[PDB]
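Q: I'd like to ask you about the structure that follows.
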Amino acid sequence: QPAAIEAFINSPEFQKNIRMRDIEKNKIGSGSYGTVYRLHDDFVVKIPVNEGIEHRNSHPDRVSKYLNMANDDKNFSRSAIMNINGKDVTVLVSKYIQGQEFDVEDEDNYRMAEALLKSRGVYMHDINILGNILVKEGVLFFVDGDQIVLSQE
Amino acid sequence: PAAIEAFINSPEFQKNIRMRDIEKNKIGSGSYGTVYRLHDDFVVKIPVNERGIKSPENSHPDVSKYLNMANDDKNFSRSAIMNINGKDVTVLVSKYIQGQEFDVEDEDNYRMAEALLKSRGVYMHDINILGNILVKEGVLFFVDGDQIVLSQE
Amino acid sequence: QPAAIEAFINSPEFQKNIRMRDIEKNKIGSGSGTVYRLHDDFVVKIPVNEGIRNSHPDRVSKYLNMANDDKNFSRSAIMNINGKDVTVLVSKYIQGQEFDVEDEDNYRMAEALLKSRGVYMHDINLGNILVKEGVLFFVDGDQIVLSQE
Amino acid sequence: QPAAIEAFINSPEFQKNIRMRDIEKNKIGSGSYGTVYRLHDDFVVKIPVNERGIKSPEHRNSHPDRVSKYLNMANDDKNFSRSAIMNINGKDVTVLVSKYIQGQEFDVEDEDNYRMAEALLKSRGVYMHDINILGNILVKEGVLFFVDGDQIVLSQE
Ligand SMILES: Nc1ncnc2c1ncn2[C@@H]1O[C@H](COP(=O)(O)O)[C@@H](O)[C@H]1O
Ligand SMILES: Nc1ncnc2c1ncn2[C@@H]1O[C@H](COP(=O)(O)O)[C@@H](O)[C@H]1O
Ligand SMILES: Nc1ncnc2c1ncn2[C@@H]1O[C@H](COP(=O)(O)O)[C@@H](O)[C@H]1O
Ligand SMILES: Nc1ncnc2c1ncn2[C@@H]1O[C@H](COP(=O)(O)O)[C@@H](O)[C@H]1O
Ligand SMILES: [Mg+2]
Ligand SMILES: [Mg+2]
Ligand SMILES: [Mg+2]
Ligand SMILES: [Mg+2]
Ligand SMILES: [Mg+2]
């Protein structure tokens with residue numbers, strides 16, 4: 001039998017021609033990255049539309065493989081194709097997790113998440129800010145931006 | 001005697017600023033806010049976007065710390081108070097850098113920027129493979145987001 | 001975290017009693033000592049000239065490690081050559097190109113990196129200090145940098 | 001009336017066709033840079049002919065005209081050195097002429113000595129830096145490495 005996520009993906013609900021406004025009520029998060037929607041009780045879909053469409057987590061296939069590894073669960077997420085406003089678009093589908101953000105800045109919390117990840121082959125790094133890189137006469141400068149992460153090592 | 005504090009303490013800076021007269025100084029704008037070149041050596045990022053809307057939900061100016069760390073320069077940037085149309089607003093002041101974008105899609109450039117930052121105690125990463133940690137009934141889950149870096153090292 | 005260079009040094013290969021005849025094939029550098037490649041990843045400066053500033057491996061290794069911001073970049077070590085305990089300089093082998101700092105842009109970037117590592121950098125264009133009956137004079141030489149900036 | 005150094009440079013001893021064999025006795029030092037000879041009681045001449053008798057960015061103190069400017073400033077003495085043209089074996093060669101200083105190396109490793117020299121140079125518009133070692137710069141896949149060599153000075157702080 002197919003995994004639960006694959007069953008959702010083959011469901012008529014997922015394979016229908018979707019209008020962005022008809023799923024506004026299922027929105028749960030959006031940004032320059034795209035928009036996240038709870039389109040089933042157990043799953044969310046990240047649609048690449050910038051309020052819309054380098055960007056964060058650019059290719060669903062690679063993100064999906066990283067999320068599957070990080071959660072040690074081969075059925076956590078899938079890349080898939082959805083029809084959005086008459087157009088075929090690659091989206092990221094993953095298990096919906098009902099819960100609250102983990103405060104990974106607290107140092108014990110940090111170790112817990114870090115050790116768990118490492119045992120699954122993933123190396124975690126906090127993000128302090130994002131910035132852009134400028135070069136002036138061979139010299140690098142770091143300004144407020146959004147192209148790389150910069151965190152205290 | 002720091003050039004950045006001098007500018008902040010200058011009358012040009014702490015007089016009641018009104019948005020109309022600096023519109024010609026605008027160099028960039030986005031959801032985050034708007035950057036103006038208010039001196040030949042400094043820019044100021046003001047939290048009004050392209051539509052003039054607008055601190056929770058990591059872009060608080062207090063950025064200064066990490067920009068100063070990234071650039072290894074105590075006087076690169078400040079969080080400061082500027083009055084806009086009669087309202088004291090928290091802004092970010094930085095040294096103006098006239099340069100080109102440094103492209104870190106290029107392997108060599110990325111390793112060069114990375115090497116520099118590491119000598120400054122700063123970890124650098126692409127913005128791909130980023131995530132958030134959710135906690136559901138005690139258990140840690142990893143989802144698509146922008147709180148942490150998920151790498152395979 | 002067993003440093004690769006510590007592992008190579010405390011290896012038998014290195015601690016072997018060595019003839020100059022046996023390692024000639026690994027010669028890559030020469031001058032007034034000679035640089036040999038005895039591993040895939042490390043080179044060794046031996047003070048045998050084309051037969052013998054502040055060029056003491058102890059000190060050079062210290063400043064190479066600071067300059068590269070890498071505590072494992074290099075070591076001073078005892079190697080035995082023709083029955084003689086000799087102090088040698090062992091550093092990470094770097095397969096690369098010469099980075100031209102006559103180019104101003106290149107110079108500045110190398111300078112900004114070194115500065116972030118607490119290292120001052122300069123061209124070799126330099127003097128020596130002499131004292132003559134109490135009084136200091138400065139002549140052409142190589143002890144200090146004389147700069148106007 | 002010209003400076004002592006300029007009188008030496010206009011002398012027949014300096015202006016003659018120089019044969020290296022003839023001034024071997026007046027030698028005082030030699031290295032990769034060239035060779036220093038005492039050709040007058042009061043003056044030395046640095047000849048850009050190496051210790052192997054077989055001689056621009058590659059060597060230290062390459063431009064004698066510029067080195068001379070720096071030595072004059074460092075000693076606060078406009079007459080301390082000159083660059084000049086010498087005829088050596090029928091060929092014109094630019095050399096560095098300096099006052100001969102009969103003295104001992106000043107040990108800059110001692111901290112009081114270091115600051116004495118630093119303070120004196122600073123009063124003269126010259127900024128001193130010690131030289132811990134010399135190095136070469138290598139680049140490998142965009143990343144700079146620093147190995148044992150002689151192209152740049154590397155010093156702490
Ligand atoms: N699989 C998921 N389950 C639950 N929440 C998720 C999932 N993937 C993403 N999110 C949340 O979606 C939101 C994205 O909206 P935003 O805060 O604007 O980035 C964040 O709260 C994420 O933690
Ligand atoms: N300190 C700075 N010096 C120079 N340019 C800057 C500085 N901070 C931000 N910028 C530029 O401001 C612009 C912001 O517009 P945007 O591309 O919409 O983010 C970009 O071109 C940035 O590179
Ligand atoms: N750690 C190192 N990795 C790679 N090349 C090196 C290293 N140390 C020295 N060299 C090279 O070895 C050679 C020795 O210089 P030479 O004495 O002129 O033969 C030069 O080409 C140096 O750049
Ligand atoms: N003007 C000068 N007066 C006295 N000694 C000098 C003068 N210029 C250079 N020297 C010394 O001449 C020596 C020859 O160079 P070398 O022996 O290779 O270091 C060096 O020790 C210099 O310190
Ligand atoms: Mg931009
Ligand atoms: Mg997020
Ligand atoms: Mg000398
Ligand atoms: Mg000498
Ligand atoms: Mg060499």
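We name chains A, B, ... following the order of the structure tokens; residues begin at 1 in each chain, and ligands are numbered from 1 as shown.
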Using only C-alpha atoms and all ligand atoms, which residues have at least one atom no more than 7 Å from ligand 2? Output them as a ChimeraX atom specification.
A: /A:132,143-145 /B:27-30,35,42-43,94-98
Q: Could you dump the residues just selected with N, CA, C and O atoms as a PDB file, in the first residue's frame?
A:
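Below you can see selection-v8.pdb, which holds the result:
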ATOM      1  N   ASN A 132      23.644  40.407   2.798  1.00  0.00           N
ATOM      2  CA  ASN A 132      24.143  40.343   1.425  1.00  0.00           C
ATOM      3  C   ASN A 132      25.661  40.576   1.381  1.00  0.00           C
ATOM      4  O   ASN A 132      26.238  41.162   2.304  1.00  0.00           O
ATOM      5  N   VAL A 143      26.314  43.415   4.445  1.00  0.00           N
ATOM      6  CA  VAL A 143      25.254  44.380   4.712  1.00  0.00           C
ATOM      7  C   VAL A 143      23.950  43.646   4.958  1.00  0.00           C
ATOM      8  O   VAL A 143      23.832  42.458   4.652  1.00  0.00           O
ATOM      9  N   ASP A 144      22.980  44.353   5.522  1.00  0.00           N
ATOM     10  CA  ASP A 144      21.663  43.790   5.756  1.00  0.00           C
ATOM     11  C   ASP A 144      21.072  43.348   4.423  1.00  0.00           C
ATOM     12  O   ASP A 144      21.094  44.101   3.443  1.00  0.00           O
ATOM     13  N   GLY A 145      20.575  42.118   4.374  1.00  0.00           N
ATOM     14  CA  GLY A 145      20.120  41.547   3.119  1.00  0.00           C
ATOM     15  C   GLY A 145      19.423  40.222   3.328  1.00  0.00           C
ATOM     16  O   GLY A 145      18.861  39.985   4.394  1.00  0.00           O
TER      17      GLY A 145
ATOM     18  N   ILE B  27      17.236  54.200  -2.165  1.00  0.00           N
ATOM     19  CA  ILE B  27      18.048  53.324  -3.000  1.00  0.00           C
ATOM     20  C   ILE B  27      17.463  51.916  -3.047  1.00  0.00           C
ATOM     21  O   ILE B  27      17.728  51.158  -3.977  1.00  0.00           O
ATOM     22  N   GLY B  28      16.664  51.575  -2.040  1.00  0.00           N
ATOM     23  CA  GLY B  28      16.047  50.265  -1.966  1.00  0.00           C
ATOM     24  C   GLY B  28      14.837  50.249  -1.051  1.00  0.00           C
ATOM     25  O   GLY B  28      14.713  51.093  -0.163  1.00  0.00           O
ATOM     26  N   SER B  29      13.945  49.287  -1.278  1.00  0.00           N
ATOM     27  CA  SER B  29      12.739  49.125  -0.468  1.00  0.00           C
ATOM     28  C   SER B  29      12.127  47.734  -0.650  1.00  0.00           C
ATOM     29  O   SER B  29      12.213  47.143  -1.728  1.00  0.00           O
ATOM     30  N   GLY B  30      11.515  47.215   0.411  1.00  0.00           N
ATOM     31  CA  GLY B  30      10.868  45.916   0.372  1.00  0.00           C
ATOM     32  C   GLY B  30       9.956  45.781   1.574  1.00  0.00           C
ATOM     33  O   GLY B  30       9.763  46.755   2.297  1.00  0.00           O
ATOM     34  N   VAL B  35      15.626  51.632   2.739  1.00  0.00           N
ATOM     35  CA  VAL B  35      16.954  52.183   2.972  1.00  0.00           C
ATOM     36  C   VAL B  35      17.190  53.471   2.177  1.00  0.00           C
ATOM     37  O   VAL B  35      16.976  53.519   0.965  1.00  0.00           O
ATOM     38  N   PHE B  42      26.750  57.068   4.918  1.00  0.00           N
ATOM     39  CA  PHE B  42      25.851  56.218   5.692  1.00  0.00           C
ATOM     40  C   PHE B  42      24.490  56.049   5.070  1.00  0.00           C
ATOM     41  O   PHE B  42      23.975  56.951   4.415  1.00  0.00           O
ATOM     42  N   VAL B  43      23.919  54.870   5.271  1.00  0.00           N
ATOM     43  CA  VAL B  43      22.538  54.638   4.890  1.00  0.00           C
ATOM     44  C   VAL B  43      21.717  54.376   6.144  1.00  0.00           C
ATOM     45  O   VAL B  43      22.251  54.018   7.205  1.00  0.00           O
ATOM     46  N   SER B  94      23.952  52.115   8.832  1.00  0.00           N
ATOM     47  CA  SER B  94      25.169  51.400   8.444  1.00  0.00           C
ATOM     48  C   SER B  94      26.074  52.260   7.561  1.00  0.00           C
ATOM     49  O   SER B  94      25.618  53.219   6.935  1.00  0.00           O
ATOM     50  N   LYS B  95      27.355  51.907   7.503  1.00  0.00           N
ATOM     51  CA  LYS B  95      28.263  52.519   6.533  1.00  0.00           C
ATOM     52  C   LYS B  95      27.727  52.253   5.135  1.00  0.00           C
ATOM     53  O   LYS B  95      27.245  51.140   4.848  1.00  0.00           O
ATOM     54  N   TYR B  96      27.760  53.273   4.278  1.00  0.00           N
ATOM     55  CA  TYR B  96      27.356  53.081   2.886  1.00  0.00           C
ATOM     56  C   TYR B  96      28.499  52.400   2.156  1.00  0.00           C
ATOM     57  O   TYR B  96      29.639  52.838   2.248  1.00  0.00           O
ATOM     58  N   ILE B  97      28.205  51.300   1.475  1.00  0.00           N
ATOM     59  CA  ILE B  97      29.235  50.598   0.726  1.00  0.00           C
ATOM     60  C   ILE B  97      28.919  50.651  -0.752  1.00  0.00           C
ATOM     61  O   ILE B  97      27.946  50.040  -1.212  1.00  0.00           O
ATOM     62  N   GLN B  98      29.740  51.383  -1.500  1.00  0.00           N
ATOM     63  CA  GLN B  98      29.578  51.425  -2.941  1.00  0.00           C
ATOM     64  C   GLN B  98      30.385  50.285  -3.542  1.00  0.00           C
ATOM     65  O   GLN B  98      31.611  50.333  -3.574  1.00  0.00           O
TER      66      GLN B  98
END
Q: Find the residues near segment 106-122 of chain A: any atom within 7 Å, counting only C-alpha atoms, skip ones fewer than 5 places away on the same chain, and give them as a list in words.
A: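 After dropping sequence-adjacent residues, the list is residues 69, 70 and 72 of chain A; 150, 151 and 152 of chain B.
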Q: Counting only C-alpha atoms and all ligand atoms, which protein, DNA or RNA residues come within 7 Å of ligand 4, given as a VMD selection string?
A: (chain C and resid 128 139 to 141) or (chain D and resid 28 to 31 35 to 36 43 to 44 98 to 102)
Q: Taking only C-alpha atoms into account, what are the residues of chain B at most 9 Å from chain D, put as a PDB file with N, CA, C and O atoms, in the first residue's frame?
A:
ATOM      1  N   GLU B 107      31.679  28.709  -6.771  1.00  0.00           N
ATOM      2  CA  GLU B 107      32.293  27.851  -5.748  1.00  0.00           C
ATOM      3  C   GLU B 107      33.441  28.552  -5.030  1.00  0.00           C
ATOM      4  O   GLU B 107      33.499  28.603  -3.795  1.00  0.00           O
ATOM      5  N   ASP B 108      34.369  29.069  -5.831  1.00  0.00           N
ATOM      6  CA  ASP B 108      35.560  29.737  -5.325  1.00  0.00           C
ATOM      7  C   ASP B 108      35.241  30.958  -4.449  1.00  0.00           C
ATOM      8  O   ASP B 108      35.737  31.072  -3.326  1.00  0.00           O
ATOM      9  N   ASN B 109      34.380  31.837  -4.950  1.00  0.00           N
ATOM     10  CA  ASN B 109      33.931  32.996  -4.192  1.00  0.00           C
ATOM     11  C   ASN B 109      33.283  32.641  -2.862  1.00  0.00           C
ATOM     12  O   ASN B 109      33.483  33.332  -1.861  1.00  0.00           O
ATOM     13  N   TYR B 110      32.506  31.565  -2.855  1.00  0.00           N
ATOM     14  CA  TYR B 110      31.800  31.137  -1.660  1.00  0.00           C
ATOM     15  C   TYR B 110      32.822  30.717  -0.624  1.00  0.00           C
ATOM     16  O   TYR B 110      32.756  31.132   0.526  1.00  0.00           O
ATOM     17  N   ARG B 111      33.775  29.888  -1.031  1.00  0.00           N
ATOM     18  CA  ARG B 111      34.811  29.433  -0.108  1.00  0.00           C
ATOM     19  C   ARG B 111      35.674  30.599   0.413  1.00  0.00           C
ATOM     20  O   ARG B 111      36.129  30.583   1.570  1.00  0.00           O
ATOM     21  N   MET B 112      35.894  31.609  -0.437  1.00  0.00           N
ATOM     22  CA  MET B 112      36.655  32.784  -0.012  1.00  0.00           C
ATOM     23  C   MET B 112      35.902  33.598   1.033  1.00  0.00           C
ATOM     24  O   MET B 112      36.495  34.001   2.030  1.00  0.00           O
ATOM     25  N   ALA B 113      34.600  33.815   0.823  1.00  0.00           N
ATOM     26  CA  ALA B 113      33.783  34.567   1.792  1.00  0.00           C
ATOM     27  C   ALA B 113      33.678  33.797   3.086  1.00  0.00           C
ATOM     28  O   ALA B 113      33.741  34.367   4.184  1.00  0.00           O
ATOM     29  N   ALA B 115      35.844  31.573   4.281  1.00  0.00           N
ATOM     30  CA  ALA B 115      37.124  31.583   4.985  1.00  0.00           C
ATOM     31  C   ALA B 115      37.305  32.888   5.781  1.00  0.00           C
ATOM     32  O   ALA B 115      37.758  32.883   6.942  1.00  0.00           O
TER      33      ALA B 115
END
Q: Please provide as an mmCIF file with N, CA and C atoms, in the first residue's frame all residues within 6 Å of segment 92-106 of chain C, with the sequence filter that same-chain residues fewer than 3 positions apart are discarded (counting only C-alpha atoms).
A:
data_model
loop_
_atom_site.group_PDB
_atom_site.id
_atom_site.type_symbol
_atom_site.label_atom_id
_atom_site.label_comp_id
_atom_site.auth_asym_id
_atom_site.auth_seq_id
_atom_site.Cartn_x
_atom_site.Cartn_y
_atom_site.Cartn_z
ATOM 1 N N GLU A 137 36.693 47.038 -4.442
ATOM 2 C CA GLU A 137 38.129 47.022 -4.702
ATOM 3 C C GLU A 137 38.787 45.802 -4.073
ATOM 4 N N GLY A 138 38.176 44.631 -4.279
ATOM 5 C CA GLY A 138 38.709 43.384 -3.758
ATOM 6 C C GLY A 138 38.375 43.075 -2.297
ATOM 7 N N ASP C 41 49.732 14.545 1.903
ATOM 8 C CA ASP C 41 49.160 15.758 2.487
ATOM 9 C C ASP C 41 50.127 16.654 3.281
ATOM 10 N N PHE C 42 51.411 16.314 3.303
ATOM 11 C CA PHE C 42 52.353 17.099 4.087
ATOM 12 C C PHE C 42 53.706 17.229 3.414
ATOM 13 N N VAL C 43 54.338 18.387 3.590
ATOM 14 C CA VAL C 43 55.709 18.588 3.124
ATOM 15 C C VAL C 43 56.631 18.878 4.295
ATOM 16 N N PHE C 73 48.182 23.551 11.070
ATOM 17 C CA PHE C 73 48.787 23.784 9.770
ATOM 18 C C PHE C 73 50.191 23.216 9.684
ATOM 19 N N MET C 109 42.596 42.184 -0.331
ATOM 20 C CA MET C 109 41.814 41.073 0.206
ATOM 21 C C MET C 109 42.654 40.156 1.109
ATOM 22 N N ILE D 137 52.127 33.516 -0.619
ATOM 23 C CA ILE D 137 50.686 33.309 -0.638
ATOM 24 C C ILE D 137 50.280 32.357 -1.757
ATOM 25 N N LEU D 138 49.553 31.308 -1.391
ATOM 26 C CA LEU D 138 49.002 30.359 -2.360
ATOM 27 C C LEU D 138 47.491 30.439 -2.373
ATOM 28 N N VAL D 139 46.911 30.230 -3.544
ATOM 29 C CA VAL D 139 45.463 30.195 -3.644
ATOM 30 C C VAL D 139 45.049 28.833 -4.187
ATOM 31 N N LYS D 140 44.082 28.216 -3.518
ATOM 32 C CA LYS D 140 43.605 26.901 -3.917
ATOM 33 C C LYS D 140 42.098 26.929 -3.845
#
Q: Could you list, as a PyMOL selection string, all residues that come within 10 Å of ligand 1? Count only C-alpha atoms and all ligand atoms.
A: (chain A and resi 27-38+42-46+67+76-77+92-101) or (chain B and resi 57+131-136+141-147)
Q: Would you list, as number ranges by chain, the residues of segment 14-88 of chain B that end up in strand (DSSP E or B) under DSSP run on this structure's backbone?
A: B: 17, 26-30, 33-37, 42-46, 77-84, 87-88
Q: Determine, counting only C-alpha atoms, which protein, DNA and RNA residues have an atom within 9 Å of an atom of residue 143 of chain C; residues of the same chain fewer than 5 positions away are not included. Present the result as a list in words.
A: residues 53, 126, 127, 128 and 129 of chain C; 108, 130 and 131 of chain D
Q: Please produce a file of the residues just selected, as a short mmCIF file (atom, residue, chain, number, x, y, z; two decimals), in the first residue's frame, where the atoms kept are N, CA, C and O atoms.
A:
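Just written: result.cif:
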data_model
loop_
_atom_site.label_atom_id
_atom_site.label_comp_id
_atom_site.auth_asym_id
_atom_site.auth_seq_id
_atom_site.Cartn_x
_atom_site.Cartn_y
_atom_site.Cartn_z
N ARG C 53 64.00 37.42 8.92
CA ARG C 53 64.65 36.11 8.94
C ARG C 53 64.10 35.26 10.08
O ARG C 53 62.97 34.75 10.01
N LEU C 126 61.68 48.25 3.95
CA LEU C 126 62.40 47.35 4.91
C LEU C 126 63.79 47.87 5.31
O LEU C 126 64.56 48.26 4.45
N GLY C 127 64.12 47.80 6.60
CA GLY C 127 65.42 48.26 7.08
C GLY C 127 65.97 47.56 8.30
O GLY C 127 65.27 46.75 8.88
N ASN C 128 67.21 47.88 8.64
CA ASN C 128 67.85 47.33 9.85
C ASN C 128 68.21 48.47 10.79
O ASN C 128 68.48 49.56 10.30
N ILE C 129 68.19 48.22 12.09
CA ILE C 129 68.59 49.23 13.07
C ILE C 129 70.00 49.00 13.57
O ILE C 129 70.32 47.90 14.04
N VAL D 108 65.94 44.64 18.96
CA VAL D 108 64.58 45.12 19.05
C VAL D 108 63.66 44.10 19.76
O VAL D 108 62.46 44.35 19.98
N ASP D 130 57.72 45.22 13.40
CA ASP D 130 58.61 44.09 13.49
C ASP D 130 58.26 43.11 12.38
O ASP D 130 57.16 43.13 11.84
N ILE D 131 59.21 42.24 12.05
CA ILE D 131 58.96 41.19 11.09
C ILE D 131 59.15 39.86 11.78
O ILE D 131 60.27 39.50 12.15
#
Q: Using only C-alpha atoms, which protein or nucleic acid residues come within 8 Å of segment 81-86 of chain D? Drop anything in the same chain fewer than 4 positions from it, and give the result as number ranges by chain.
A: D: 5, 9, 14-15, 17-18, 64-65, 68-69, 71-72, 92-99
Q: With N, CA and C atoms retained, write the just-selected residues as a PDB file, in the first residue's frame.
A:
ATOM      1  N   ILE D   5      77.850  63.155   0.475  1.00  0.00           N
ATOM      2  CA  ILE D   5      77.525  61.970  -0.295  1.00  0.00           C
ATOM      3  C   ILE D   5      77.598  62.281  -1.787  1.00  0.00           C
ATOM      4  N   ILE D   9      79.874  60.810  -4.886  1.00  0.00           N
ATOM      5  CA  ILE D   9      79.293  60.368  -6.153  1.00  0.00           C
ATOM      6  C   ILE D   9      79.914  61.064  -7.380  1.00  0.00           C
ATOM      7  N   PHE D  14      84.105  56.821  -7.810  1.00  0.00           N
ATOM      8  CA  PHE D  14      82.757  56.298  -7.964  1.00  0.00           C
ATOM      9  C   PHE D  14      82.392  56.254  -9.447  1.00  0.00           C
ATOM     10  N   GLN D  15      82.966  57.178 -10.214  1.00  0.00           N
ATOM     11  CA  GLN D  15      82.585  57.369 -11.605  1.00  0.00           C
ATOM     12  C   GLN D  15      83.397  56.499 -12.570  1.00  0.00           C
ATOM     13  N   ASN D  17      85.030  52.990 -14.345  1.00  0.00           N
ATOM     14  CA  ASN D  17      84.462  51.716 -14.768  1.00  0.00           C
ATOM     15  C   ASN D  17      84.820  50.658 -13.735  1.00  0.00           C
ATOM     16  N   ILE D  18      83.836  50.245 -12.942  1.00  0.00           N
ATOM     17  CA  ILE D  18      84.063  49.364 -11.786  1.00  0.00           C
ATOM     18  C   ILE D  18      84.187  47.911 -12.214  1.00  0.00           C
ATOM     19  N   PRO D  64      65.809  51.641  -5.491  1.00  0.00           N
ATOM     20  CA  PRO D  64      66.798  52.433  -4.734  1.00  0.00           C
ATOM     21  C   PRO D  64      66.391  53.886  -4.542  1.00  0.00           C
ATOM     22  N   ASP D  65      65.768  54.485  -5.550  1.00  0.00           N
ATOM     23  CA  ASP D  65      65.320  55.865  -5.421  1.00  0.00           C
ATOM     24  C   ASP D  65      64.337  55.987  -4.245  1.00  0.00           C
ATOM     25  N   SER D  68      65.984  55.113  -0.768  1.00  0.00           N
ATOM     26  CA  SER D  68      66.711  56.298  -0.381  1.00  0.00           C
ATOM     27  C   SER D  68      65.816  57.347   0.277  1.00  0.00           C
ATOM     28  N   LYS D  69      64.658  57.641  -0.321  1.00  0.00           N
ATOM     29  CA  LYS D  69      63.699  58.573   0.280  1.00  0.00           C
ATOM     30  C   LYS D  69      63.344  58.136   1.694  1.00  0.00           C
ATOM     31  N   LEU D  71      65.075  56.117   3.754  1.00  0.00           N
ATOM     32  CA  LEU D  71      66.215  56.159   4.674  1.00  0.00           C
ATOM     33  C   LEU D  71      66.514  57.593   5.088  1.00  0.00           C
ATOM     34  N   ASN D  72      66.295  58.523   4.177  1.00  0.00           N
ATOM     35  CA  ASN D  72      66.539  59.912   4.515  1.00  0.00           C
ATOM     36  C   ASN D  72      65.548  60.400   5.564  1.00  0.00           C
ATOM     37  N   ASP D  92      75.701  50.459 -17.293  1.00  0.00           N
ATOM     38  CA  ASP D  92      75.077  51.341 -16.302  1.00  0.00           C
ATOM     39  C   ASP D  92      74.160  50.564 -15.372  1.00  0.00           C
ATOM     40  N   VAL D  93      74.276  50.839 -14.078  1.00  0.00           N
ATOM     41  CA  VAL D  93      73.550  50.104 -13.039  1.00  0.00           C
ATOM     42  C   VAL D  93      73.126  51.083 -11.940  1.00  0.00           C
ATOM     43  N   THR D  94      71.865  51.020 -11.534  1.00  0.00           N
ATOM     44  CA  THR D  94      71.381  51.897 -10.475  1.00  0.00           C
ATOM     45  C   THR D  94      71.759  51.305  -9.112  1.00  0.00           C
ATOM     46  N   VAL D  95      72.396  52.104  -8.259  1.00  0.00           N
ATOM     47  CA  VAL D  95      72.780  51.626  -6.941  1.00  0.00           C
ATOM     48  C   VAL D  95      72.309  52.545  -5.814  1.00  0.00           C
ATOM     49  N   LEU D  96      72.442  52.063  -4.581  1.00  0.00           N
ATOM     50  CA  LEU D  96      72.057  52.819  -3.381  1.00  0.00           C
ATOM     51  C   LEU D  96      73.328  53.215  -2.629  1.00  0.00           C
ATOM     52  N   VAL D  97      73.503  54.506  -2.394  1.00  0.00           N
ATOM     53  CA  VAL D  97      74.646  54.980  -1.623  1.00  0.00           C
ATOM     54  C   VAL D  97      74.126  55.473  -0.302  1.00  0.00           C
ATOM     55  N   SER D  98      74.778  55.064   0.787  1.00  0.00           N
ATOM     56  CA  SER D  98      74.401  55.439   2.150  1.00  0.00           C
ATOM     57  C   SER D  98      75.611  55.797   2.997  1.00  0.00           C
ATOM     58  N   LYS D  99      75.405  56.662   3.983  1.00  0.00           N
ATOM     59  CA  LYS D  99      76.458  56.910   4.966  1.00  0.00           C
ATOM     60  C   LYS D  99      76.840  55.601   5.635  1.00  0.00           C
TER      61      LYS D  99
END
Q: Excluding residue 133 of chain A and residues on its chain fewer than 6 positions from it, collect all residues at most 10 Å away from it, counting only C-alpha atoms, and give them as a list in words.
A: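 Those residues are residues 140, 141, 142, 143, 144, 145, 146, 147 and 148 of chain A; 99, 100, 101, 102, 103, 104 and 113 of chain B.
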Q: Report, in Å to a single decimal, how far apart atom CA of residue 58 of chain D and atom CA of residue 151 of chain D are.
A: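 Here the two named atoms are 6.7 Å from each other.
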Q: I'd like the interatomic distance between atom CA of residue 93 of chain B and atom CA of residue 14 of chain B, to a tenth of an Å.
A: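 Value for the atom CA of residue 93 of chain B-atom CA of residue 14 of chain B distance: 12.8 Å.
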